[PDB]
Structures are given as C-alpha cells and as structure tokens.
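*Asks:* First the structure, then my questions, so here it is.
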Amino acid sequence: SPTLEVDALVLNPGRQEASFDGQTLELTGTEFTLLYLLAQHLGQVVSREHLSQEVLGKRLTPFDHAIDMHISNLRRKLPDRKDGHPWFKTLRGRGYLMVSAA
Ligand SMILES: [Cl-]
C-alpha cells in the first residue's frame with residue numbers, strides 16, 4: 001500500500017508507521033490501522049461497522065464504543081495540524097471522517 005500524506009502527517013503502511021513533521025509517532029498498530037483507513041477515504045465518512053471490522057476484527061454492537069475511544073486517544077497523541085483543521089469529524093450514527101485540507 002502507498003504512503004499517504006495529510007497536513008504534516010505521513011502514513012507509511014510498509015512500516016505501519018506514522019510521522020508528523022518528520023518525527024515518528026508512538027501509535028499502536030490498531031491506531032495506525034484506523035488512521036490509514038480514514039486517510040484512504042479522506043474527507044468522506046467511513047461507517048462504524050466498517051471501522052469495527054477492519055480496525056478491531058469484530059462486529060459492531062450498539063454498546064461498543066471502542067472506535068470512539070481510539071479516536072479519543074488519537075486526538076491526544078496527534079500533534080495539531082499545521083493547516084489549523086481538526087484531524088477528525090464525528091458524524092453521529094454515520095461514522096467518522098478525516099478532515100480534508102481546504
Ligand atoms: Cl480532531
């Protein structure tokens with residue numbers, strides 16, 4: 001899979017490694033998986049069901065908030081974008097997107 005860039009973030013799937021402005025980030029494999037999947041669909045909503053299966057290998061239930069917890073942890077770990085945008089947007093029910101540059 002190809003290396004993806006968003007803002008100063010670089011996602012290299014060949015190493016399952018994320019870097020920001022040239023510095024490697026301390027991400028779990030699960031975190032990397034989630035980031036890369038959202039970045040492939042940059043600016044478009046990815047379903048909770050798809051994220052649950054692809055990132056966690058499990059079927060979504062209405063009481064499982066693990067993907068949102070991953071987003072919470074990612075928002076703590078990721079430096080602020082140079083471009084000022086959020087990294088993510090939550091679309092209630094529909095899932096999450098990684099925010100496009102404008
Ligand atoms: Cl964000």
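We name chains A, B, ... following the order of the structure tokens; residues begin at 1 in each chain, and ligands are numbered from 1 as shown.
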Residues within 6 Å of ligand 1 should be enumerated using only C-alpha atoms and all ligand atoms and returned as number ranges by chain.

*Replies:* A: 75, 86-88

*Asks:* Write out as a PyMOL selection string each polymer residue whose atoms come within 10 Å of region 49-54 of chain A, counting only C-alpha atoms; drop sequence neighbours fewer than 4 positions from it.

*Replies:* chain A and resi 30+33-34+37-38+58-61+64-67+94-96

*Asks:* Using only C-alpha atoms, which residue out of A:43, A:84, A:29, A:57 lies closest to residue 8 (chain A)?

*Replies:* A:84
